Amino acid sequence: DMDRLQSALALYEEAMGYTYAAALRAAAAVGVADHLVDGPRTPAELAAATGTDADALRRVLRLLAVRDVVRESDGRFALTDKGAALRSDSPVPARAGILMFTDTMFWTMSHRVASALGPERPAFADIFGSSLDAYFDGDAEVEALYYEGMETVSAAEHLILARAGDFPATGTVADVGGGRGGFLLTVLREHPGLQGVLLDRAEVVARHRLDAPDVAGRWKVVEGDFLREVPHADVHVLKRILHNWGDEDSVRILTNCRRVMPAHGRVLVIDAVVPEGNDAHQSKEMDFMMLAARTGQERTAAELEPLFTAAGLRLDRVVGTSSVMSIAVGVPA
């Protein structure tokens, strides 16, 4: 509700919206949060500790306080609850994830999305000037950043999803493409009566972290290819899987689950399900980033349905959580 000139002004403001993420990146980069654990400090004090230019660091912190990451009073900045995960002592430090989501690749590909809208759908290499592999094989520490980034990001949602998941008291859970086993581990710990099977590529399962004393006797691991087949289970789990795959592969994958699924069985597709409507939701921003990277797409509830039906399943219900992730529950149809 505004005139054409105010429109322009509002759009100029929107165009600079990327600065916040830029500031967060810098803050996590220098690691100023660690020096705010003792209490509110001054730009000078924080600068000495970082160590950086005061007047400069100040202007970054000022913009971040707008997003309630820090807060200023009497010339001092304090770390807030929202900014807490910037601390290195955090169970799940946000640094790796922040540095990854704002990494050169994503930052660059997001910038060239205009070029990515081509009618024929250009590939990654077209837009970036290189292959994705060339990018990682060019800088070792960046490849390291994505592994750690992906690992911590998922680790932050696990407990929520384990408690929100409709899990049986006994039976077997197959985490299909479960990575290094983090989610399966959390699920086992939350439901003592469950057995678990981890499936993923050989090089991945070789680095799995399921072998903890408290879950001894409750898990096995399998090198496999969920495009070809998956293990039998009372409950199948597909987290951050389908969103990497085109439409037919997804059915192919879901079908592999249905094939080895019992009558009382269920498959849990866990992804950033995109809500219909015009309201803010992180699933939409993630979706944009997989648009920019020309690889992957986030789906809505109505979009998942056709895939379940095609796999001999019925999308019984989608279950929202306190995270961007939701659980699409499919049963034998």
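The first residue of the sequence shown is number 1, and the count goes up from there.
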200-208 set against 156-164, stretch whose average Cα temperature factor tops the other in the entry: 200-208
Of 26-34 and 299-307, the stretch whose C-alpha atoms average the higher B-factor in the entry: 299-307
Highest-ranked of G181, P119, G171, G97 once sorted by CA temperature factor in the record: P119
Selection by C-alpha B-factor (highest) of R76, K220, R87, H236: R76
For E151, the third of its chain into which the C-alpha B factor falls: lowest
Chain-wide C-alpha B factor ranking for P262, given as lowest, middle or highest third: highest
CA B-factor ranking of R59, expressed as a third of its chain: middle
Third of chain Cα B-factors occupied by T42: highest
Chain-relative CA temperature factor third for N278: middle
